[PDB]
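Source file: input.tsv. Holds: TSV, N, CA and C atoms.
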chain	number	residue	atom	x	y	z
A	1	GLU	N	214.65	81.11	-36.33
A	1	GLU	CA	213.66	81.76	-35.42
A	1	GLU	C	214.37	82.80	-34.54
A	2	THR	N	215.80	82.82	-34.92
A	2	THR	CA	216.44	83.92	-34.16
A	2	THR	C	216.06	85.20	-34.88
A	3	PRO	N	215.86	86.30	-34.16
A	3	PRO	CA	215.61	87.59	-34.83
A	3	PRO	C	216.70	87.96	-35.82
A	4	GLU	N	217.95	87.56	-35.56
A	4	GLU	CA	219.03	87.89	-36.49
A	4	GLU	C	218.84	87.19	-37.83
A	5	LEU	N	218.43	85.92	-37.81
A	5	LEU	CA	218.21	85.20	-39.06
A	5	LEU	C	217.07	85.82	-39.86
A	6	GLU	N	215.92	86.05	-39.21
A	6	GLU	CA	214.78	86.62	-39.93
A	6	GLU	C	215.11	87.99	-40.50
A	7	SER	N	215.84	88.81	-39.74
A	7	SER	CA	216.20	90.14	-40.22
A	7	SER	C	217.17	90.05	-41.39
A	8	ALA	N	218.12	89.12	-41.33
A	8	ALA	CA	219.08	88.97	-42.42
A	8	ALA	C	218.39	88.54	-43.71
A	9	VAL	N	217.43	87.62	-43.62
A	9	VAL	CA	216.73	87.19	-44.82
A	9	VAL	C	215.95	88.35	-45.43
A	10	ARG	N	215.26	89.14	-44.59
A	10	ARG	CA	214.56	90.32	-45.11
A	10	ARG	C	215.52	91.28	-45.79
A	11	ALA	N	216.68	91.54	-45.17
A	11	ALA	CA	217.63	92.48	-45.75
A	11	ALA	C	218.22	91.93	-47.05
A	12	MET	N	218.49	90.63	-47.10
A	12	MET	CA	219.01	90.04	-48.33
A	12	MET	C	217.99	90.12	-49.45
A	13	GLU	N	216.71	89.90	-49.13
A	13	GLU	CA	215.67	90.03	-50.14
A	13	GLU	C	215.57	91.45	-50.67
A	14	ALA	N	215.71	92.44	-49.79
A	14	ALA	CA	215.64	93.83	-50.22
A	14	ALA	C	216.79	94.18	-51.16
A	15	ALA	N	218.00	93.67	-50.86
A	15	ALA	CA	219.12	93.89	-51.77
A	15	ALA	C	218.94	93.13	-53.08
A	16	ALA	N	218.46	91.89	-53.00
A	16	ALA	CA	218.22	91.10	-54.20
A	16	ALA	C	217.21	91.77	-55.12
A	17	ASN	N	216.22	92.45	-54.56
A	17	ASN	CA	215.16	93.02	-55.38
A	17	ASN	C	215.62	94.25	-56.16
A	18	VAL	N	216.80	94.79	-55.88
A	18	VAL	CA	217.32	95.94	-56.61
A	18	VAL	C	218.61	95.63	-57.37
A	19	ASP	N	219.05	94.36	-57.39
A	19	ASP	CA	220.26	93.97	-58.12
A	19	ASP	C	220.15	92.51	-58.55
A	20	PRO	N	219.98	92.24	-59.85
A	20	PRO	CA	219.90	90.85	-60.33
A	20	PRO	C	221.06	89.98	-59.90
A	21	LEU	N	222.28	90.51	-59.80
A	21	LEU	CA	223.38	89.63	-59.41
A	21	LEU	C	223.25	89.19	-57.96
A	22	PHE	N	222.82	90.10	-57.08
A	22	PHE	CA	222.58	89.70	-55.71
A	22	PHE	C	221.39	88.76	-55.61
A	23	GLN	N	220.37	88.93	-56.46
A	23	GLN	CA	219.28	87.97	-56.51
A	23	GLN	C	219.79	86.58	-56.86
A	24	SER	N	220.71	86.49	-57.82
A	24	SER	CA	221.30	85.20	-58.15
A	24	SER	C	222.04	84.61	-56.96
A	25	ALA	N	222.79	85.44	-56.23
A	25	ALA	CA	223.50	84.96	-55.05
A	25	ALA	C	222.53	84.50	-53.97
A	26	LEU	N	221.44	85.23	-53.77
A	26	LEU	CA	220.44	84.83	-52.79
A	26	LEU	C	219.80	83.50	-53.18
A	27	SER	N	219.53	83.31	-54.48
A	27	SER	CA	218.99	82.04	-54.95
A	27	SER	C	219.95	80.90	-54.66
A	28	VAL	N	221.26	81.12	-54.85
A	28	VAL	CA	222.25	80.10	-54.50
A	28	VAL	C	222.22	79.83	-53.01
A	29	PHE	N	222.16	80.88	-52.19
A	29	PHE	CA	222.10	80.71	-50.75
A	29	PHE	C	220.90	79.86	-50.34
A	30	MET	N	219.72	80.18	-50.88
A	30	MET	CA	218.52	79.44	-50.50
A	30	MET	C	218.63	77.98	-50.92
A	31	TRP	N	219.22	77.72	-52.08
A	31	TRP	CA	219.41	76.35	-52.55
A	31	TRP	C	220.39	75.59	-51.67
A	32	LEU	N	221.52	76.23	-51.33
A	32	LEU	CA	222.48	75.59	-50.43
A	32	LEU	C	221.88	75.35	-49.06
A	33	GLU	N	221.09	76.30	-48.56
A	33	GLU	CA	220.53	76.17	-47.22
A	33	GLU	C	219.48	75.07	-47.17
A	34	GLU	N	218.56	75.05	-48.15
A	34	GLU	CA	217.53	74.02	-48.18
A	34	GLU	C	218.15	72.63	-48.27
A	35	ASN	N	219.32	72.53	-48.88
A	35	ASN	CA	219.98	71.25	-49.08
A	35	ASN	C	221.07	70.96	-48.06
A	36	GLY	N	221.24	71.82	-47.06
A	36	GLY	CA	222.15	71.57	-45.97
A	36	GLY	C	223.62	71.65	-46.30
A	37	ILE	N	224.00	72.43	-47.32
A	37	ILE	CA	225.38	72.41	-47.79
A	37	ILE	C	226.05	73.78	-47.83
A	38	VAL	N	225.55	74.75	-47.05
A	38	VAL	CA	226.21	76.06	-47.04
A	38	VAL	C	227.63	75.95	-46.48
A	39	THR	N	227.79	75.30	-45.32
A	39	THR	CA	229.13	75.19	-44.75
A	39	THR	C	230.01	74.26	-45.58
A	40	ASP	N	229.41	73.24	-46.19
A	40	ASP	CA	230.19	72.39	-47.09
A	40	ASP	C	230.72	73.19	-48.26
A	41	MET	N	229.92	74.12	-48.79
A	41	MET	CA	230.40	74.96	-49.88
A	41	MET	C	231.51	75.90	-49.42
A	42	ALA	N	231.38	76.45	-48.21
A	42	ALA	CA	232.44	77.29	-47.66
A	42	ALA	C	233.74	76.49	-47.50
A	43	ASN	N	233.64	75.24	-47.04
A	43	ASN	CA	234.82	74.40	-46.93
A	43	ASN	C	235.44	74.14	-48.29
A	44	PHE	N	234.60	73.87	-49.29
A	44	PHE	CA	235.12	73.66	-50.63
A	44	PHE	C	235.85	74.89	-51.13
A	45	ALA	N	235.30	76.08	-50.85
A	45	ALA	CA	235.92	77.32	-51.27
A	45	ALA	C	237.32	77.49	-50.69
A	46	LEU	N	237.56	77.00	-49.47
A	46	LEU	CA	238.91	77.06	-48.92
A	46	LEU	C	239.85	76.15	-49.69
A	47	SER	N	239.35	75.01	-50.17
A	47	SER	CA	240.18	74.07	-50.92
A	47	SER	C	240.38	74.51	-52.37
A	48	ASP	N	239.51	75.39	-52.87
A	48	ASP	CA	239.51	75.81	-54.28
A	48	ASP	C	239.35	77.32	-54.32
A	49	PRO	N	240.32	78.06	-53.77
A	49	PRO	CA	240.09	79.50	-53.52
A	49	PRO	C	239.91	80.32	-54.78
A	50	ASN	N	240.44	79.87	-55.91
A	50	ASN	CA	240.30	80.57	-57.18
A	50	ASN	C	239.27	79.91	-58.08
A	51	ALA	N	238.51	78.95	-57.54
A	51	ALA	CA	237.38	78.34	-58.23
A	51	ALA	C	237.78	77.59	-59.50
A	52	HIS	N	239.04	77.17	-59.61
A	52	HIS	CA	239.46	76.43	-60.80
A	52	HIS	C	238.66	75.14	-60.94
A	53	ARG	N	238.56	74.36	-59.86
A	53	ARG	CA	237.85	73.10	-59.93
A	53	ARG	C	236.35	73.33	-60.09
A	54	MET	N	235.81	74.31	-59.37
A	54	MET	CA	234.38	74.58	-59.47
A	54	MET	C	233.99	75.07	-60.86
A	55	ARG	N	234.80	75.95	-61.46
A	55	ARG	CA	234.51	76.42	-62.81
A	55	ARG	C	234.41	75.26	-63.80
A	56	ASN	N	235.35	74.31	-63.73
A	56	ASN	CA	235.33	73.18	-64.65
A	56	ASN	C	234.07	72.35	-64.46
A	57	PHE	N	233.63	72.19	-63.21
A	57	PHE	CA	232.43	71.42	-62.93
A	57	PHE	C	231.19	72.15	-63.44
A	58	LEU	N	231.09	73.45	-63.16
A	58	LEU	CA	229.92	74.19	-63.63
A	58	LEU	C	229.87	74.26	-65.15
A	59	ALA	N	231.03	74.32	-65.80
A	59	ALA	CA	231.07	74.51	-67.25
A	59	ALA	C	230.61	73.25	-67.99
A	60	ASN	N	231.07	72.09	-67.55
A	60	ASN	CA	230.74	70.83	-68.22
A	60	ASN	C	229.46	70.21	-67.69
A	61	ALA	N	228.45	71.03	-67.40
A	61	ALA	CA	227.16	70.54	-66.93
A	61	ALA	C	226.21	70.33	-68.10
B	1	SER	N	229.82	92.69	-63.28
B	1	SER	CA	230.36	91.43	-62.79
B	1	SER	C	230.49	91.43	-61.27
B	2	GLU	N	230.21	92.50	-60.45
B	2	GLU	CA	230.22	92.59	-59.00
B	2	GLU	C	228.86	93.08	-58.53
B	3	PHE	N	228.56	92.83	-57.25
B	3	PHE	CA	227.29	93.29	-56.70
B	3	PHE	C	227.20	94.81	-56.79
B	4	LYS	N	226.03	95.30	-57.18
B	4	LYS	CA	225.82	96.73	-57.29
B	4	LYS	C	225.89	97.38	-55.91
B	5	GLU	N	226.61	98.49	-55.80
B	5	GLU	CA	226.77	99.17	-54.52
B	5	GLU	C	225.53	100.02	-54.26
B	6	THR	N	224.54	99.42	-53.62
B	6	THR	CA	223.29	100.07	-53.24
B	6	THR	C	223.22	100.21	-51.73
B	7	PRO	N	222.40	101.12	-51.22
B	7	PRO	CA	222.15	101.13	-49.76
B	7	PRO	C	221.62	99.80	-49.25
B	8	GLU	N	220.84	99.09	-50.07
B	8	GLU	CA	220.32	97.80	-49.66
B	8	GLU	C	221.43	96.78	-49.49
B	9	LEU	N	222.45	96.82	-50.35
B	9	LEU	CA	223.57	95.90	-50.20
B	9	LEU	C	224.31	96.13	-48.89
B	10	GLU	N	224.59	97.39	-48.56
B	10	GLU	CA	225.27	97.66	-47.29
B	10	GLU	C	224.44	97.17	-46.11
B	11	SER	N	223.12	97.36	-46.16
B	11	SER	CA	222.26	96.87	-45.09
B	11	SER	C	222.25	95.35	-45.03
B	12	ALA	N	222.25	94.69	-46.19
B	12	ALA	CA	222.26	93.23	-46.22
B	12	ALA	C	223.55	92.69	-45.63
B	13	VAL	N	224.70	93.28	-45.96
B	13	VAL	CA	225.96	92.78	-45.43
B	13	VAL	C	226.00	92.95	-43.92
B	14	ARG	N	225.56	94.10	-43.42
B	14	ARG	CA	225.49	94.32	-41.99
B	14	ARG	C	224.58	93.31	-41.32
B	15	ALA	N	223.43	93.03	-41.92
B	15	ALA	CA	222.49	92.07	-41.35
B	15	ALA	C	223.08	90.66	-41.36
B	16	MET	N	223.77	90.30	-42.43
B	16	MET	CA	224.39	88.98	-42.49
B	16	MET	C	225.49	88.85	-41.45
B	17	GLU	N	226.25	89.92	-41.23
B	17	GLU	CA	227.27	89.92	-40.18
B	17	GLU	C	226.65	89.77	-38.80
B	18	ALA	N	225.51	90.41	-38.55
B	18	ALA	CA	224.83	90.25	-37.26
B	18	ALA	C	224.35	88.81	-37.08
B	19	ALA	N	223.88	88.17	-38.15
B	19	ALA	CA	223.46	86.78	-38.06
B	19	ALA	C	224.65	85.84	-37.91
B	20	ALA	N	225.78	86.18	-38.54
B	20	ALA	CA	226.97	85.35	-38.42
B	20	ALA	C	227.51	85.35	-36.99
B	21	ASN	N	227.14	86.35	-36.20
B	21	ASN	CA	227.52	86.43	-34.80
B	21	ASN	C	226.77	85.42	-33.93
B	22	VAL	N	225.69	84.82	-34.43
B	22	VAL	CA	224.89	83.88	-33.64
B	22	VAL	C	224.69	82.53	-34.33
B	23	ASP	N	225.03	82.44	-35.61
B	23	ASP	CA	224.71	81.24	-36.39
B	23	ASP	C	225.83	80.98	-37.40
B	24	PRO	N	226.51	79.83	-37.34
B	24	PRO	CA	227.58	79.57	-38.32
B	24	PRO	C	227.09	79.52	-39.76
B	25	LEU	N	225.80	79.26	-39.98
B	25	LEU	CA	225.23	79.32	-41.33
B	25	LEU	C	225.59	80.62	-42.03
B	26	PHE	N	225.50	81.74	-41.32
B	26	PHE	CA	225.75	83.02	-41.95
B	26	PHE	C	227.22	83.38	-42.04
B	27	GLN	N	228.06	82.83	-41.16
B	27	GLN	CA	229.50	82.91	-41.39
B	27	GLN	C	229.85	82.25	-42.71
B	28	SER	N	229.35	81.03	-42.92
B	28	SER	CA	229.59	80.32	-44.17
B	28	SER	C	228.99	81.07	-45.35
B	29	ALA	N	227.79	81.63	-45.19
B	29	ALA	CA	227.15	82.35	-46.28
B	29	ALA	C	228.00	83.54	-46.73
B	30	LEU	N	228.54	84.31	-45.78
B	30	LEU	CA	229.37	85.46	-46.15
B	30	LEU	C	230.59	85.01	-46.95
B	31	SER	N	231.24	83.94	-46.51
B	31	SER	CA	232.41	83.43	-47.22
B	31	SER	C	232.04	82.96	-48.62
B	32	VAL	N	230.90	82.27	-48.75
B	32	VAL	CA	230.49	81.77	-50.05
B	32	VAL	C	230.15	82.92	-50.99
B	33	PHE	N	229.41	83.92	-50.50
B	33	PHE	CA	229.09	85.09	-51.32
B	33	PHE	C	230.35	85.76	-51.84
B	34	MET	N	231.34	85.97	-50.97
B	34	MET	CA	232.58	86.62	-51.39
B	34	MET	C	233.30	85.78	-52.43
B	35	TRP	N	233.34	84.46	-52.23
B	35	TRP	CA	234.06	83.58	-53.14
B	35	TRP	C	233.38	83.51	-54.50
B	36	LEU	N	232.05	83.41	-54.52
B	36	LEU	CA	231.33	83.41	-55.79
B	36	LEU	C	231.53	84.72	-56.54
B	37	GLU	N	231.45	85.85	-55.83
B	37	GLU	CA	231.58	87.14	-56.48
B	37	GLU	C	232.99	87.35	-57.01
B	38	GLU	N	234.00	87.06	-56.18
B	38	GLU	CA	235.38	87.29	-56.61
B	38	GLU	C	235.74	86.43	-57.80
B	39	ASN	N	235.22	85.21	-57.87
B	39	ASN	CA	235.56	84.30	-58.94
B	39	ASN	C	234.62	84.39	-60.14
B	40	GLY	N	233.63	85.28	-60.09
B	40	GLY	CA	232.76	85.49	-61.23
B	40	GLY	C	231.85	84.33	-61.54
B	41	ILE	N	231.45	83.55	-60.53
B	41	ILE	CA	230.63	82.37	-60.74
B	41	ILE	C	229.27	82.45	-60.03
B	42	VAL	N	228.80	83.65	-59.68
B	42	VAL	CA	227.48	83.78	-59.06
B	42	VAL	C	226.40	83.27	-60.00
B	43	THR	N	226.37	83.81	-61.22
B	43	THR	CA	225.34	83.40	-62.17
B	43	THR	C	225.53	81.95	-62.59
B	44	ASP	N	226.78	81.52	-62.78
B	44	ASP	CA	227.04	80.13	-63.14
B	44	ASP	C	226.50	79.18	-62.09
B	45	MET	N	226.69	79.51	-60.81
B	45	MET	CA	226.19	78.63	-59.77
B	45	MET	C	224.67	78.69	-59.66
B	46	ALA	N	224.08	79.87	-59.84
B	46	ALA	CA	222.63	79.96	-59.83
B	46	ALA	C	222.03	79.13	-60.96
B	47	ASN	N	222.66	79.17	-62.13
B	47	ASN	CA	222.19	78.36	-63.25
B	47	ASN	C	222.32	76.87	-62.94
B	48	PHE	N	223.44	76.47	-62.33
B	48	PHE	CA	223.61	75.07	-61.96
B	48	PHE	C	222.51	74.63	-61.00
B	49	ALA	N	222.20	75.47	-60.01
B	49	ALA	CA	221.22	75.12	-58.99
B	49	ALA	C	219.86	74.81	-59.60
B	50	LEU	N	219.50	75.51	-60.68
B	50	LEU	CA	218.23	75.25	-61.35
B	50	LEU	C	218.20	73.85	-61.94
B	51	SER	N	219.36	73.32	-62.33
B	51	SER	CA	219.47	71.99	-62.92
B	51	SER	C	219.63	70.89	-61.88
B	52	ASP	N	219.85	71.25	-60.62
B	52	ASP	CA	220.18	70.29	-59.57
B	52	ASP	C	219.43	70.67	-58.29
B	53	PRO	N	218.10	70.75	-58.36
B	53	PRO	CA	217.36	71.38	-57.25
B	53	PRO	C	217.48	70.66	-55.91
B	54	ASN	N	217.66	69.34	-55.91
B	54	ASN	CA	217.84	68.60	-54.67
B	54	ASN	C	219.30	68.37	-54.33
B	55	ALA	N	220.21	69.04	-55.06
B	55	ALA	CA	221.64	69.07	-54.77
B	55	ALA	C	222.32	67.71	-54.83
B	56	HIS	N	221.71	66.72	-55.48
B	56	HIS	CA	222.36	65.41	-55.57
B	56	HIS	C	223.68	65.49	-56.32
B	57	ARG	N	223.71	66.25	-57.42
B	57	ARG	CA	224.96	66.37	-58.17
B	57	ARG	C	225.98	67.19	-57.40
B	58	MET	N	225.54	68.28	-56.78
B	58	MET	CA	226.49	69.09	-56.02
B	58	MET	C	227.02	68.35	-54.79
B	59	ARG	N	226.15	67.62	-54.08
B	59	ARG	CA	226.64	66.86	-52.92
B	59	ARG	C	227.68	65.84	-53.34
B	60	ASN	N	227.44	65.17	-54.46
B	60	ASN	CA	228.40	64.19	-54.95
B	60	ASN	C	229.74	64.85	-55.26
B	61	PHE	N	229.70	66.04	-55.85
B	61	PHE	CA	230.92	66.77	-56.17
B	61	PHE	C	231.65	67.22	-54.90
B	62	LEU	N	230.92	67.76	-53.93
B	62	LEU	CA	231.55	68.25	-52.71
B	62	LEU	C	232.12	67.12	-51.87
B	63	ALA	N	231.50	65.95	-51.94
B	63	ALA	CA	231.92	64.83	-51.10
B	63	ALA	C	233.32	64.36	-51.45
B	64	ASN	N	233.72	64.52	-52.71
B	64	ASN	CA	234.94	63.90	-53.21
B	64	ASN	C	235.99	64.91	-53.63
B	65	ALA	N	235.81	66.18	-53.29
B	65	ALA	CA	236.78	67.21	-53.62
B	65	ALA	C	237.98	67.14	-52.68

Would you mind writing the file out in structure tokens?
Amino acid sequence: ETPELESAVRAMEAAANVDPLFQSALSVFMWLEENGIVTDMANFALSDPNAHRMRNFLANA
Amino acid sequence: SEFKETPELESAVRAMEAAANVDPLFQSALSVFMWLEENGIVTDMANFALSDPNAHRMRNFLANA
């Protein structure tokens, strides 16, 4: 309900609507946010900076 | 394999930075976006999310990393 949050979501949607890859990133953001794990994912990224562990997990799904 | 350099992208990054100034959610979001893009896993993660909509599998993975 902060003006910054509402403005950022509008701007992200505008970028997503002109680039499928950014749309995919926005979809990930919305999924992480709805599930309360955005900061948890950022913490994981610090532990796995080159995504070696994450790639293996995503691949064997 | 990288975000298209559009005027909308520059505006989105600026807006996310303004939100990161008031909400840690957007600090984390910027870091996650950069990490997904640099590692080439944006689409892979979006595809995973479709299979795990309530994040039960992802939460289990993050809990034990």

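Atom to atom, atom N of residue 41 (chain B) and CA of residue 39 (chain A) stand 18.0 Å apart.
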
**Study point:** Residue list for chain B near chain A as a count of residues only, 5 Å, all atoms listed in the file
**Key:** 6

Review point. Among chain B, which residues carry a DSSP assignment of helix (DSSP H, G or I), reported as a ChimeraX atom specification?
Key: /B:7-20,24-38,42-51,56-63

**Study point:** Gap from atom N of residue 3 (chain B) to CA of residue 1 (chain A) - Å, one decimal
**Key:** 28.7 Å

Exercise for review: Please measure the separation of CA of residue 55 (chain B) and CA of residue 1 (chain B), giving the value in Å to one decimal.
Suggested key: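 Taking CA of residue 55 (chain B) and CA of residue 1 (chain B), their separation equals 25.3 Å.
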
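Minimum atom-to-atom distance to residue 30 (chain B), evaluated using all atoms listed in the file, belongs to B:17 out of B:42, B:59, B:11, B:17.
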
How big is the axis-aligned box around all listed atoms of region 18-21 of chain B once 6 Å goes on each side, and where's its centre, in Å to one decimal, as lines of an AutoDock Vina configuration file?
center_x = 225.5
center_y = 87.9
center_z = -36.2
size_x = 16.1
size_y = 17.1
size_z = 16.6
